Amino acid sequence: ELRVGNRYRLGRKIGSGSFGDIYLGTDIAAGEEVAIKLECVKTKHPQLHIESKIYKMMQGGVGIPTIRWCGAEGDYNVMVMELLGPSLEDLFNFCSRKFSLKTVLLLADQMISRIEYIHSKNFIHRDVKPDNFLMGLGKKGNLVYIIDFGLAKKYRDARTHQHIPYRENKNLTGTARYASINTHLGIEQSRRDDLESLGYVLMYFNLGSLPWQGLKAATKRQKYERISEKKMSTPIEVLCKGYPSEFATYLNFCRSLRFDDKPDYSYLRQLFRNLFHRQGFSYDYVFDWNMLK
Amino acid sequence: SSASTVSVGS
Ligand SMILES: Nc1ncnc2c1ncn2[C@@H]1O[C@H](COP(=O)(O)OP(=O)(O)O)[C@@H](O)[C@H]1O
Ligand code: NA
């Protein structure tokens, strides 16, 4: 129950990421619940101000949380943001780790759009995973948001749109379960890698798990390499067996993209939209979790 | 498991 800025009241922790913690808050002046990220000012490597800059750069985008205030109060750097709802991982667990094809396709449509939006602002996300997509609350309850720009980086110059150079010999950045094959090989991430990751997320929602989950290793680095080997040895047609061909076509498309290629986001959305229509589904935003009694 | 689901890097 601390005052933050002029008009924000801090409540209980709702989340922790790589740095700081996320608290329920109230905007006392507006009568609105918010999320408040705190980062201890005495950290050697401050990151919250950089994250707030990236969120500010993303403002106006559908499914980008609004940043309401940034500052520093007592022991903390402070970022106040729109309060969002549960993650897609949370909702997956709530739905007994089964999504209907309709729900997967409703999500795919928005998630491709969110990634395209981030790319349009000269960034790649590099941490595409079900934990980093949150449904909105209230009037925004049908909207998928993307969060966690802790690994986000410019893939091109904001002036010239000059693409970052090709590099190899990288250590893995991001989440091993959903990382692109290029990422596992130590190649620089680009737009294609966020989309390939989304393709693994979509097949994750379809299957309940990916075939490279639960691989035993002595060390993290060895585990990344076992996941790498399993991904590279699992044909897309085997990963996607018993599911609509569109999931395989999507992953084949992303795996074919050149390092500096602009993805055809419209093609990828239309792939799922055509499937959605062939199934006779409506874009009515009735997700599986909306049916929980 | 944390090793496969925890993001790494900065
Ligand atoms: N605006 C928000 N509303 C609700 N919960 C949030 C919000 N932002 C983050 N969280 C929760 O806190 C966790 C940590 O967030 P973090 O990875 O630091 O993301 P960000 O920096 O974008 O807030 C998230 O995994 C999520 O569970
Ligand atoms: Na809904």
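Here Swiss-Prot sets the residue numbers for chain A, with the shown residues being 2-294 in order.
Determination method: X-ray crystallography, 1.9 Å.
Even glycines carry a Cβ here, placed using N, Cα and C.
Annotation source Swiss-Prot lists active site, proton acceptor at A:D128, citing sequence analysis. The annotation ATP binding site is assigned in Swiss-Prot to A:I15, A:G16, A:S17, A:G18, A:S19, A:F20, A:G21, A:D22, A:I23, A:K38 on the grounds of sequence analysis. Marked as domain 'Protein kinase' by Swiss-Prot on the basis of sequence analysis: A:9-277.
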Maximum Cα-Cα separation (Å), residues A:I15, A:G16, A:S17, A:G18, A:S19, A:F20, A:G21, A:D22, A:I23, A:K38 listed as binding ATP: 14
Other C-beta atoms that fall within 10 angstroms of the C-beta of A:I15 (ATP binding site): 14
Euclidean distance between Cα atoms of A:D128 (active site, proton acceptor) and A:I23 (ATP binding site), Å: 18
Cβ-Cβ neighbours of A:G21 (ATP binding site) (radius 10 Å): 21
Site of maximum Cβ density within 10 Å, from binding-site residues A:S17, A:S19: A:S19
DSSP three-state assignment (helix, strand or coil) for the residue listed as 'active site, proton acceptor': coil
Nearest recorded site to A:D128 (active site, proton acceptor) by CA-CA distance, among binding-site residues A:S17, A:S19, A:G21: A:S19
Subset of A:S19, A:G21, A:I23, A:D128 (recorded positions) with C-beta under 8 Å from chain B: A:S19, A:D128
Other C-beta atoms that fall within 10 angstroms of the C-beta of A:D128 (active site, proton acceptor): 26
